[PDB]
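The basis for the numbers below is simple: all heavy atoms, side chains too, and nothing from hydrogens, waters or symmetry mates. Positions are given from 1 along the sequence.
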Amino acid sequence: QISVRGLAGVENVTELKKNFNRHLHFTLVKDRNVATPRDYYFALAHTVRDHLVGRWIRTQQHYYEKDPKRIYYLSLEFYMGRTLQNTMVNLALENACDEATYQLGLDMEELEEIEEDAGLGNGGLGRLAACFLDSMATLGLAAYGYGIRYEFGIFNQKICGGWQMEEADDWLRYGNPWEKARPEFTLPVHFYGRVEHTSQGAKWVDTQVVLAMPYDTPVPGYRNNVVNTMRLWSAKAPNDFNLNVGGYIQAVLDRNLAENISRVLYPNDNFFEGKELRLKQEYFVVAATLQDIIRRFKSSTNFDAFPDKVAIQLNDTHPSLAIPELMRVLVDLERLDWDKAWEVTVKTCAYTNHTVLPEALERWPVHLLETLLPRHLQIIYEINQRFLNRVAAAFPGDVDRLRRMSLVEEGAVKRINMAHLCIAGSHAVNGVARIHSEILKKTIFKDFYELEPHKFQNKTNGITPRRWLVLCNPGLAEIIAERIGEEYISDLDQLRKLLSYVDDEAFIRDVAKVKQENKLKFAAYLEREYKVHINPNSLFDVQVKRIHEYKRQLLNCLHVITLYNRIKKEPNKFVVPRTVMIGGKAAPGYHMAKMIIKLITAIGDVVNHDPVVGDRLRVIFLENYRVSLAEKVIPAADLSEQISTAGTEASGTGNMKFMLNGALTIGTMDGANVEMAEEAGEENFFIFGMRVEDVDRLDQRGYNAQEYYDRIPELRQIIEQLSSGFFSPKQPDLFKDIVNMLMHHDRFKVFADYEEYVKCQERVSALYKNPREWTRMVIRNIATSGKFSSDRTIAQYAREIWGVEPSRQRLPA
Ligand SMILES: O=C(Nc1cccc2ccccc12)C(=O)N[C@@H]1O[C@H](CO)[C@@H](O)[C@H](O)[C@H]1O
């Protein structure tokens with residue numbers, strides 16, 4: 001049908017059709033009479049997977065022959081989503097499979113909807129890992145993703161009576177055709193025990209053993225025949241584990257204790273919980289990965305070349321134990337001296353920070369590390385002592401610097417600051433957007449920056465244009481390809497060429513046509529799968545991201561209530577109709593976040609059923625926001641809400657997805673918004689609110705929310721509506737916690753930005769009244785979104801951190 005989806009040649013369609021039938025028969029043990037749509041999905045998945053295998057085997061054998069420097073991306077999260085369509089796109093198989101399935105009498109799109117998301121992540125951090133793997137494969141890097149194979153990923157969110165309910169995400173229920181178990185590569189991981197000092201070195205003894213079994217998933221590059229590996233560890237009990245009948249039975253049942261390590265993803269976004277099971281997960285992935293890394297290095301004795309052959313990227317502090325674990329292996333097992341081992345460690349490791357919020361920093365109680373990892377604690381103390389000697393030598397007599405920079409935090413409970421550990425043990429520390437990276441140097445890691453300025457870098461985040469344009473928005477990718485060709489898909493800077501089409505009437509019409517098609521398709525999805533009815537001619541105002549106070553879904557809520565109140569005050573006045581969509585999961589134990597969801601649904605309950613409002617204002621809560629839902633809603637959006645308090649959102653990546661897909665952005669000068677506005681031009685962006693400097697000034701003076709309440713009559717009315725029970729007639733005080741928080745304990749200054757926000761929102765409405773000028777501003781956004789490709793991000797990591805050259809050259813098919 002469309003060009004960017006590849007050729008549907010006669011030879012290929014015939015080959016796919018017969019491989020499909022082969023798999024249906026031999027692999028699924030079915031015939032066309034008993035086959036369900038799920039069987040059809042699986043036959044297609046297996047047929048497409050067969051095209052990866054050759055490339056996968058030859059890529060890995062290529063790395064063995066050429067022996068390049070390997071990149072190990074260590075993360076607790078890989079938010080992959082669905083794999084079928086992405087594999088077809090990267091293999092240029094999409095049209096062929098569409099044709100082949102059409103001829104068999106099937107709709108491929110319907111089959112695609114059957115695949116479960118691999119929801120092995122919470123949000124932005126996990127999705128960055130996923131985009132990164134794609135870019136690393138596309139740029140021909142010998143890269144490996146290492147993580148945990150959670151049996152249960154992020155929970156499925158159900159909305160019941162407006163309240164979030166969590167249910168287990170049993171994503172492996174029907175099996176995973178993309179993964180290959182590698183039980184022959186099973187590795188032991190040790191916990192507990194004690195430290196024994198001998199004539200020659202310390203020894204970690206009397207440990208409990210858990211087995212780590214790897215499962216390899218292929219990561220195909222974009223049409224370069226490169227297929228890299230994501231290796232995920234699963235926890236297994238050894239067969240002598242815990243080993244009377246009742247006693248024998250119990251011993252076997254207790255194997256579950258060991259295997260609980262890889263059972264479930266911790267669903268806590270932007271807050272730190274010092275739970276023992278979480279620490280076990282962190283060590284588990286670190287220990288298994290480092291043994292695998294070293295084994296591979298040895299099968300190429302001299303660890304001086306180790307940093308020339310190995311890069312380890314730490315996705316936040318979650319795999320921070322890699323630092324003392326590498327020290328442990330090099331000192332205790334390989335018998336290298338401390339100083340040499342340390343040189344190797346630092347040159348091997350690099351650390352990426354993803355937030356400045358203090359409650360997010362990992363600070364593990366010493367008593368936990370003592371019990372679980374006694375040797376690692378000793379190594380940490382030793383690292384800390386040697387590090388503080390360097391600080392003392394550099395800043396003599398500066399005693400408070402010493403305690404500020406210590407890896408060990410004194411207090412009621414001693415803790416290890418894992419961020420401090422990462423900086424000390426890494427040759428590079430980066431933030432994820434320019435403003436975030438500067439904030440790291442000027443505030444939370446200022447002392448470390450003063451000691452080692454060369455260590456600190458920026459690597460502005462990015463998103464993969466494969467999943468986030470070609471895959472989710474084929475209509476937009478096609479009209480672009482018509483004008484400038486297909487090369488931009490792996491060279492997103494080329495979109496600048498669209499700037500010469502901003503006055504092109506055919507292109508304007510096409511861009512606007514594609515958006516309306518996406519909106520009609522999404523409006524239909526809402527009706528079909530959720531029985532909710534929206535006006536496709538309204539402005540699609542969307543805020544999709546995890547629910548957190550800093551992201552200020554509450555500020556969005558206030559605006560929504562303002563629009564409603566204004567409508568009710570002047571019913572027969574014209575207003576640009578809006579469909580306001582808010583979606584996102586709340587962490588299970590985060591009361592305020594759960595209250596915000598309830599508020600959003602409660603507003604919808606009032607707004608959507610007011611006859612006076614009509615189809616002019618609709619408030620919808622998008623249930624179960626996840627990667628596959630993002631691929632649907634983002635192409636349909638007109639307005640992207642990126643309204644975090646300045647200084648709180650490290651980068652954001654959702655913002656970039658929207659920019660790439662033809663939505664305009666309303667947002668604060670926060671995270672990557674700043675660089676987006678700079679790329680597109682500030683006049684093509686809806687910027688409002690306090691800047692970072694403004695937030696600082698308000699903090700120095702003290703934020704008094706009462707002041708805004710007293711001076712803004714429209715804001716006062718909304719607060720009184722909330723308190724009086726206007727949005728909860730049967731539970732009048734339901735939102736008392738929200739009001740109290742806003743009025744007395746708002747860390748994120750919702751009221752301070754309210755006026756500028758509402759005003760700016762009026763400017764959005766005004767522009768939307770002029771379809772031609774809206775669309776031209778859209779084109780200016782799409783055309784300048786090239787910087788935000790994760791191909792750019794990864795090439796910067798490769799060149800400035802890892803010391804490797806990306807390559808766009810094909811491997812032979
Ligand atoms: O720090 C983040 N999450 C977490 C904070 C605290 C504890 C966590 C525990 C498990 C998983 C994520 C956690 C996070 O999601 N950071 C996000 O990283 C994205 C990718 O760099 C950025 O675009 C976002 O601005 C940032 O909030």
Side-chain angles (χ1 to χ4, degrees), residues 1-6 89 94-95 222 462-522 536-542 576 634-640 655-666 675-687 763-789 791-792:
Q1 195 193 23
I2 78 157
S3 184
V4 292
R5 289 188 164 203
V89 171
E94 205 176 5
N95 266 339
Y222 183 70
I463 54 155
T464 181
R466 272 75 64 185
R467 185 172 300 266
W468 298 115
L469 177 61
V470 181
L471 182 150
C472 64
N473 207 346
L476 183 59
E478 188 53 16
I479 66 152
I480 294 167
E482 290 178 353
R483 317 301 199 287
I484 72 157
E486 271 179 40
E487 226 285 278
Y488 74 91
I489 301 170
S490 51
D491 189 21
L492 207 66
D493 282 317
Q494 287 196 37
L495 285 180
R496 282 207 175 266
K497 286 187 256 193
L498 296 181
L499 253 6
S500 56
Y501 296 88
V502 72
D503 295 310
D504 190 299
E505 208 75 25
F507 195 66
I508 292 162
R509 171 160 42 250
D510 282 342
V511 168
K513 184 181 85 315
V514 160
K515 183 56 67 178
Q516 194 59 35
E517 280 178 352
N518 292 341
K519 289 172 66 174
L520 288 155
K521 197 200 180 165
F522 190 71
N537 284 107
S538 57
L539 181 163
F540 280 16
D541 184 350
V542 10
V576 170
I634 294 167
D638 298 308
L639 221 217
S640 176
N655 49 184
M656 305 164 182
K657 303 169 193 180
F658 285 96
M659 193 194 184
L660 188 52
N661 281 284
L664 293 180
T665 300
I666 185 158
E675 294 165 75
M676 289 169 52
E678 178 180 337
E679 290 299 298
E682 292 197 17
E683 345 83 44
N684 298 310
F685 230 80
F686 297 97
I687 303 162
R763 299 201 293 108
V764 170
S765 282
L767 221 215
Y768 195 78
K769 268 146 81 187
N770 190 337
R772 187 193 142 86
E773 299 304 315
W774 180 275
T775 300
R776 295 177 65 240
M777 193 175 286
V778 163
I779 292 153
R780 289 187 206 277
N781 275 239
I782 296 165
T784 55
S785 61
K787 185 195 167 165
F788 305 107
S789 165
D791 297 342
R792 187 268 316 155

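Remark: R776 engages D503 in a salt bridge, criterion side-chain N to carboxylate O under 4.0 Å. Ion pairing between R772 and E505 holds under the 4.0 Å rule for side-chain N and carboxylate O. The existence of a salt bridge linking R509 and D504 is excluded, since no basic side-chain nitrogen approaches an acidic carboxylate oxygen closer than 4.0 Å.
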For the pair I782 and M659, evaluate side-chain contact (heavy atoms from CB on, under 4.5 Å) and give the outcome as yes or no after the intermediate values. CA-CA 6 Å; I782 296 165; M659 193 194 184; over 6 Å; no
Test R483 against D510 for salt bridge (charged side-chain N to carboxylate O under 4.0 Å, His left out), laying out the working first. CA-CA 11 Å; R483 317 301 199 287; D510 282 342; 2.7 Å; yes
Please evaluate residues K497 and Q494 with respect to the criterion side-chain hydrogen bond (donor to acceptor under 3.5 Å, both in side chains), reporting the C-alpha separation (whole Å), side-chain torsions for both, the decisive distance (0.1 Å), and the verdict. CA-CA 6 Å; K497 286 187 256 193; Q494 287 196 37; 3.0 Å; yes
Would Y222 and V89 count as a side-chain contact (heavy atoms from CB on, under 4.5 Å) here? Give the steps. CA-CA 8 Å; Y222 183 70; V89 171; 4.2 Å; yes
Assess the residue pair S3 and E486 against the criterion (side-chain contact (heavy atoms from CB on, under 4.5 Å)); give the C-alpha distance rounded to whole Å, side-chain angles, the decisive distance to 0.1 Å, and a yes or no. CA-CA 9 Å; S3 184; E486 271 179 40; 3.6 Å; yes
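The heavy-atom pair separating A663 from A637 by the smallest distance is CB-O, 3.4 Å. Between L639 and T665, the closest heavy-atom pair is CD2-C, 4.3 Å. When every heavy atom of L476 is checked against every heavy atom of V514, the shortest pair comes out as N-CG1, 3.6 Å. Residues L499 and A783 share a closest heavy-atom pair of CD1-CB, 3.6 Å. Across every non-hydrogen atom of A680 and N781, the tightest pair is CB-ND2, 4.2 Å. Of all non-hydrogen atoms in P536 and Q516, the two that sit nearest each other are O-NE2, 3.1 Å.
Between the side chain of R5 and the backbone N or O of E94 there is no donor-acceptor pair closer than 3.5 Å. The main-chain N or O of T784 is never found under 3.5 Å from a side-chain atom of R496 such that the two would form a donor-acceptor pair. Looking at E478, its side chain does come within 3.5 Å of a backbone N or O of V4 through a donor-acceptor pair. Using modelled atom types, one side-chain atom of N95 and one backbone atom of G6 make a donor-acceptor pair closer than 3.5 Å. In this structure, the side chain of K515 engages the main chain of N661 through a donor-acceptor pair within 3.5 Å.
Going from atom CD of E773 over to atom CG of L767 covers 7.5 Å, rounded to the nearest 0.5 Å. Interatomic distance, CG of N473 versus CZ of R467, reported as 14.5 Å (0.5 Å rounding). Remark: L495 CG to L660 CG distance equals 7.0 Å, nearest 0.5 Å. Rounding to the nearest 0.5 Å places CD1 of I479 at 4.5 Å from CZ of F507. Taking CG of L498 as the reference point, atom OH of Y488 lies at 8.5 Å (rounded to 0.5 Å). For the atom pair CZ of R780 and CG of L664, the computed distance is 12.0 Å after rounding to the nearest 0.5 Å.
The number of heavy-atom neighbours closer than 6.0 Å to NZ of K521, taken from other residues, nucleotides and ligands shown, is 12 or below.
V764 places a side-chain heavy atom less than 4.5 Å from the side chain of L539. For the pair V511/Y501, no side-chain contact is recorded, criterion being any heavy-atom separation below 4.5 Å from C-beta on. No side-chain heavy atom of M777 sits under 4.5 Å from any side-chain heavy atom of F685.
Taking the six-membered ring where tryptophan is involved, the planes of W774 and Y768 are perpendicular, since the angle between them exceeds 60° and thus also 30°.
Seen from the ring of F540, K519 counts as a face-on cation partner, given the 6.0 Å and 45° thresholds.
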